[PDB]
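Engineer: Structure provided below as structure tokens; questions to follow.
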Amino acid sequence: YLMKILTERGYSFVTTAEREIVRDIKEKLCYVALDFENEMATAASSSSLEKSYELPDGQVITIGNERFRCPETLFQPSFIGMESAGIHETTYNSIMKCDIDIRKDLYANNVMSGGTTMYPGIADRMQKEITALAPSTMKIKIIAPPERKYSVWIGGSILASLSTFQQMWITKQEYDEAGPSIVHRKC
Amino acid sequence: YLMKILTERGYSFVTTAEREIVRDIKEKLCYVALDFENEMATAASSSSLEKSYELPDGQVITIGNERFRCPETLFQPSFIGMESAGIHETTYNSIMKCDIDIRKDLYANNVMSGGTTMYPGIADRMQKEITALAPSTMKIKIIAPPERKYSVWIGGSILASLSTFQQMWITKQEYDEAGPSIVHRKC
Amino acid sequence: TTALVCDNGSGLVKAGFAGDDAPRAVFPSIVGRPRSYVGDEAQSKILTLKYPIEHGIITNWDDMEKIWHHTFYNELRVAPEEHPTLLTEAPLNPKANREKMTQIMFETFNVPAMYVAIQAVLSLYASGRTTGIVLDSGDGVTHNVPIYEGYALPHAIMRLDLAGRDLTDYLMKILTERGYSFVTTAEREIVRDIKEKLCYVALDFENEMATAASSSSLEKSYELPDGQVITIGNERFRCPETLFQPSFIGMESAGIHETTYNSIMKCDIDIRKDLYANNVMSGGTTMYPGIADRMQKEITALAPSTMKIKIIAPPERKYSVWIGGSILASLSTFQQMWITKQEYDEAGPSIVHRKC
Amino acid sequence: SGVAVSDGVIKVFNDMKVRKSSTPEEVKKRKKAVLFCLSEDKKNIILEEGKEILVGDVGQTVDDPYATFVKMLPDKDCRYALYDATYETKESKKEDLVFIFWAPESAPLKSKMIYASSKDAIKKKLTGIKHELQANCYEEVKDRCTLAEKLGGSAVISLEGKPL
Amino acid sequence: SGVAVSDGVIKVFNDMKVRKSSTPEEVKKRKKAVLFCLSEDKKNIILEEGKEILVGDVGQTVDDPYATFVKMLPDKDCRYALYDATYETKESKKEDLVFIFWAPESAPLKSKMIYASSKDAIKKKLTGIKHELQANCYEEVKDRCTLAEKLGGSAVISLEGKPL
Amino acid sequence: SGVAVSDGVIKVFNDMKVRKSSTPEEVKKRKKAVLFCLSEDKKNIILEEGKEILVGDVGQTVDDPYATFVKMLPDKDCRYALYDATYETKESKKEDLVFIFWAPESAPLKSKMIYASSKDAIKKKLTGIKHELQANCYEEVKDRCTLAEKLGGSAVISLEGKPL
Ligand SMILES: Nc1ncnc2c1ncn2[C@@H]1O[C@H](COP(=O)(O)OP(=O)(O)O)[C@@H](O)[C@H]1O
Ligand SMILES: [Mg+2]
Ligand SMILES: [Mg+2]
Ligand SMILES: [Mg+2]
């Protein structure tokens, strides 16, 4: 979607080489706005929101209202065209599917991960959208660790670096005895 | 029966977790009506009888004429399907089975206990039903203590906390002498 | 002259004329609204789907008038005020809903005569029986209604939220395991067609899975509307297996093979013998080939060994609830049993309780 | 419901249920087992004069009243029945009448629904009847043990003058 | 867009879509399949009384309602259509109406653009219609299988009282 | 998982959960609230003798058992806890033990992952415990109302000898 909306200004990034530049622009200059409709109003008038990116060949391209429009798709998937609700409503739909007595510990323990959740200001937007969706009585706490991009790898690294974990691995002997089905019993 | 009649409005409580919520609703919002047929007439028209319960997940569900229909089964077991008469007629049938000279002290000494008799307004309904069943000449007095839910435990606690009860217990020596049959002679 | 029969199904409204072999109008029960297209129009179009008959009970009355207006005008293509319409209601229906239905029918469409019947007794009569527990497994719910000489016992009617909708959802979930991503409402119809054309209940799930993991003859091939040919393997028997093992969806309630036994054990002890040998299945969800044998095996495992279990499954059990109403409304001696508008004007909406 | 009963069927039922002092020549033309049907218009319950069983012939031309009665029911249509059983119990010897609701699966739905929804219209008019026998399959009604199982259960030792 | 619909076409559509209890002599002059055209000024959608098909004649003079309908469409001009189909599915027997958008390539652009840009002005006024059939070539609309393919796909076994 | 429990922690839990008849001089050195830690090698769950709370001192030097317990938890590291609560409900007076899982965000990931993945290794060995309290922020565990909300919800009227 960023590649599609950058051509609206005149920047034609179509090849795989320019796709890496588009990804770098998305990683370095995109951010989730607290209010999309209100932010667009100021972006259409103010000029301080326009940033400047340096292409590998030396060209300096300017990006305007595309900083918040690209990550806005995660909450409004109508930008891409999928009918599925945004990441702010699928979370609520999944929480309402569990037990009724454990829903309270799920609203106040929403954890975000992955490289896509690294946009500055996504936790506030998620909290606002859930508080709009969730009942008013119960509170929503959204925690976002600064290392959520590689948290899934850091967890595995710490779990494998344990001095008491060397006996929990699946050695080749147990595999030879039990076939590939050993992973189901061990894990 | 409350779980069955709550699905008539749209509240689907089927699992064991929601069963605790149904039990809490029954304990906090149910009451025995003095006249079931007359109360239903006002409940079908008036809107002040509808209460509002707060689910553990924050949802607010409203309960209407199910406040008095649930405890009404104790007097009309046709709601559940058992042919046995209600708790207002089994009492009369049991009183008529004792001696004829002690029936007078049983009609004026009806005591209620257990957690199920904690509904507000059950004593008046019981008195009305018995006075309808019992002869008109003799009077019916229904006393309901406010601590009838744990009265069976409070009685045992006070009986075991007596300073002169330590010699009435069944010690292990008497058990060793007399076998398990000692409880029949002692009690 | 001719009578209409509008079956208020949870996921498919069956409508037609009395005397025909099958309903004429069959469309999903959805009322689309943008962020008001009703029925078949919602699937083609950006709308939030709503079900007023989601769980067998009409909880959204405001859309039921539009549903019935569409069914009468754009589906049956006949005037409602000139043709009597027979209606069917799900078991365990409150008296308020039964009164509101006939009140709406008499005050909005002004139909001259109507009648409200129970789906369970109609499905039981359609199988040549008057005493026996009927299994009404529809699109939204699955009801187990034990009936005695045409009088259903309301205290033993078990209601199960597991139905064809959850089966379609589980099929959508398990098809993505191979790589087929069906997420939108348009692909949901393709998933439903796959479930209707290629799914079947296995006699032994654990044994069938063993052969499916090794053999390759069980894999079928379905043709997508766009020309693509997708292959389905062990998902043919895993999707309908949820009806007997609801742990696949996540509900703690027992399967349709154990709720039947639990409901039979709740009736009289002297009529349990006529209920084990008169188990009738109905609804579109019970159209899987090989479900009767699995039900019989599971009940014989559950029921005592001395008494025998006979499971009869008519080939027309999908529309049996509508065929029964159509034959009942096409009777030459039934024209005097309808509820005319004069009796309604005299007795209010409570006339349906005395007449039915 | 719909379909009601005619006067002939009610007269036949009152004639069969309540017997009176009769001559030995007339007593042999009493009705033993009679079926019920529908007319062309399907609005009245009428007995067919073709298929029937007399009391006189039982024990003579008809060696077995029940055995010759199973084949009399058509397997391609739904039928009513009224069988006068003479079974022997361990306790005593009884003589009761049985209402058999014949409804095979091979019959069309138009003949099954009409006969199933109007069963209360005929059974209510037959006052004093107790033994109800609902039979759908042909093998279950062809067996002899089922009649003793419905009538008295395991207590019936002999059925129709012969032991089980 | 531009071109709007007149009152006569709306009245005809309301007359065809919603039928009522009618006499047996009048029921034979109902409208089975009617086309739509443009006037001299090309500002209103008007039905031509010349080319049409009655319900009465179907099955009599018109042996095939669809077969005699293909040749009724002019191949040198763009036309609308409204066909009342009576097809048999494996599942059941349905009776729906079909909107056929006839637009051959031999017609001039002035008659194609007007009828293509004003299609939403006529289709929106025809409430409750579902089956939409857009046909440009003559061979694709002449074939009988395409109607069953658009109506119900492979499920339609018989179309207009005769099997495929 | 990995990290297992030592014998000292199991002995302390069995000592605290099951109390027996004791002398009035010894009963004052019972363990009220004890925390759990990791050794230098991070392979066993060990209680630290430094930070702890006795039953004797409660109500004397420690005016508030819970109030003096929040500050005892270090905010720069992850810790376990075992609090013996004495709360008053409307219904009755109960005395249960609470398992508090302290895990602030300011602690390093090496101390958070080890204590989160080995929680089932300690909680399974503590048989008979019911009240589980997972606390990450410091403000949520510092508040007094949260303990009554987790223990009994809105039913708990008084906590630790004083009303809410
Ligand atoms: N042949 C079939 N095989 C499998 N499933 C079917 C078949 N026919 C219908 N169904 C399922 O049945 C459902 C429709 O049930 P429905 O007739 O609405 O039940 P009810 O009338 O009780 O509401 C559909 O969702 C569909 O998935
Ligand atoms: Mg990841
Ligand atoms: Mg007690
Ligand atoms: Mg149904």
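Each position is counted from 1, following the chain as shown.
This deposition comes from electron microscopy, 3.4 Å.
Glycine residues also receive a Cβ, built from the backbone N, Cα and C atoms like all the rest.
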Engineer: Which stretch does Swiss-Prot mark as motif 'Nuclear localization signal', out of E:28-32, E:48-52, E:88-92?
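Structural biologist: Within the set E:28-32, E:48-52, E:88-92, Swiss-Prot attaches motif 'Nuclear localization signal' to E:28-32.
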Engineer: Swiss-Prot annotation phosphoserine: which of E:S21, E:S154, E:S158 has it?
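Structural biologist: Annotation hit in Swiss-Prot: E:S154.
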Engineer: Among E:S106, E:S117, which is the one flagged in Swiss-Prot as phosphoserine?
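Structural biologist: Checked Swiss-Prot: the phosphoserine annotation sits on E:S106.
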Engineer: From E:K11, E:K76, E:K119, E:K150, name the one Swiss-Prot lists as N6-acetyllysine.
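Structural biologist: Among E:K11, E:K76, E:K119, E:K150, the residue Swiss-Prot annotates as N6-acetyllysine is E:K11.
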Engineer: What same-chain residues lie close to the motif 'Nuclear localization signal' (E:28-32): Cβ under 8 Å, and 6 or more beyond its ends?
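Structural biologist: Tertiary neighbours of the motif 'Nuclear localization signal' (E:28-32) are 12, 15-16, 19, 22, 52-58, 65, 84.
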Engineer: List nothing but the one residue from E:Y66, E:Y80, E:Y138 whose Cβ has the fewest other Cβ atoms within 10 Å; the candidates are the modified residues.
Structural biologist: E:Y138
Engineer: List every residue in the same chain as E:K130 (SUMO2 cross-link), at least 6 positions away in sequence, whose Cβ is under 8 Å from its Cβ.
Structural biologist: E:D96
Engineer: Around E:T61 (phosphothreonine), how many other CB atoms lie within 10 A of its CB?
Structural biologist: 9
Engineer: How many other Cβ atoms are found within 10 Å of the Cβ atom of E:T23 (phosphothreonine), counting all protein chains shown?
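Structural biologist: The answer is 7 other Cβ atoms.
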Engineer: Based on DSSP, name the secondary structure state of E:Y138 (phosphotyrosine): helix, strand or coil.
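Structural biologist: The three-state answer is helix.
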Engineer: I need the nearest neighbour of E:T61 (phosphothreonine) among the modified residues E:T23, E:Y80, E:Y138, using C-alpha distances.
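Structural biologist: Nearest in space to E:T61 (phosphothreonine), counting only the modified residues, is E:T23.
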Engineer: In whole Å, how far is E:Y138 (phosphotyrosine) from E:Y66 (phosphotyrosine) when you measure between their Cα atoms?
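Structural biologist: So the Cα of E:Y138 (phosphotyrosine) lies 14 Å away from that of E:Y66 (phosphotyrosine).
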Engineer: When each of the recorded positions E:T23, E:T61, E:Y66, E:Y80, E:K130, E:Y138 is checked against chain C, which show a C-beta distance below 8 angstroms?
Structural biologist: E:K130
Engineer: Under the DSSP assignment, what numbers of helix, strand and coil residues are found in the domain 'ADF-H' (E:2-151)?
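Structural biologist: When I sort the residues of the domain 'ADF-H' (E:2-151) into the three classes, I find 44 helix, 41 strand, 65 coil.
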